[PDB]
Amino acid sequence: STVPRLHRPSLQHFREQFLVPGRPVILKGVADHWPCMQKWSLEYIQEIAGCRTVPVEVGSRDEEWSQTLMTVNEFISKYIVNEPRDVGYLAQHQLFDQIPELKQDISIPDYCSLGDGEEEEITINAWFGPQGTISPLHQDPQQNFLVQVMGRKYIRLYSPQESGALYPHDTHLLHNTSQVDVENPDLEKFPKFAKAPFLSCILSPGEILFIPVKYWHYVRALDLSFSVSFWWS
């Protein structure tokens, strides 16, 4: 079944029915009027950040992801517009600490204040990449508000209760990552994955997905996509 969509729910309503229990939800009417929703085009991102060095993750379309450095202009040029030869992702980067002028175009969701951490310790990451970027099925150690700004993203969510049916890697460095290709699972090797229930959604611009702490999430970009994630506790 699908992730429920709620429009500007109260802090208490979000705290009691989702944050505390750990239930995913899509929040509407919250970030749809953030400045990023009208300003951030490729033309705008180049003007404000084109000459800045950003980390980019590259990988083949069972291959393997390496990490390099290049200017935003370079990234867009040879991973977004010019019929890219490989997949490049400006992923998990604190672009807004590097570029404060872009931090004016977003805010911190008020729902974060319901956490036991400090606002200064919230990690804001930019996920800027082309159609086709795919995360592995994985779980993070903090709460997360995934704000979609450009394009859409298909996202699958498995509860932490389903960890057994997701076959996590046994190396400590990857114990938070699933061995299973979500959208083409090897059921002969990972049979328990087939009967694991899940939530799914297509996250579209203006929307915020609340990924509870340690909720397994799988993300695939359907179009040219720019997402901003808020990791908070």
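All residue numbers refer to positions in the sequence shown, first residue = 1. Each form is matched to the other, and the largest set of C-alpha atoms that superpose within 1.5 Å is called the rigid core.
Fitting each structure in 5 other deposited structures of this protein onto the rigid core and averaging C-alpha distances over structures and residues, 65-73 emerges as the more displaced of 65-73 and 191-199. For the cut-off of one third of the other compared entries, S178 stays well clear, since all of them model it along with its flanks. Across the other compared structures of the same protein with both neighbouring residues present, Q46 carries coordinates in every case, with no third of them leaving it out. In this entry, no coordinate-free residues of the deposited sequence separate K195 from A196.
Taking only CA atoms, the mean B-factor in the PDB entry is higher for 119-127 than for the other of 119-127 and 89-97. When the mean C-alpha temperature factors of 203-211 and 65-73 are read from the deposited coordinates, 65-73 comes out higher. Per the deposited record, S60 carries the highest C-alpha B-factor of all listed residues (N184, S60, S178, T53). Between the residues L114, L146, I108, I155, the entry's highest C-alpha temperature factor is the one at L114. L11: CA B factor lies in the highest third for its chain, per the PDB record. Among the modelled residues of its chain, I134 has a C-alpha B-factor that falls in the lowest third according to the deposited record. In the deposited entry, the Cα temperature factor of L174 places it in the highest third of its chain's modelled residues.
Remark: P168 belongs to the lowest third of its chain, ranked by C-alpha B-factor as recorded. In this PDB entry, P84 carries a Cα temperature factor that places it within the highest third of its chain's modelled residues.
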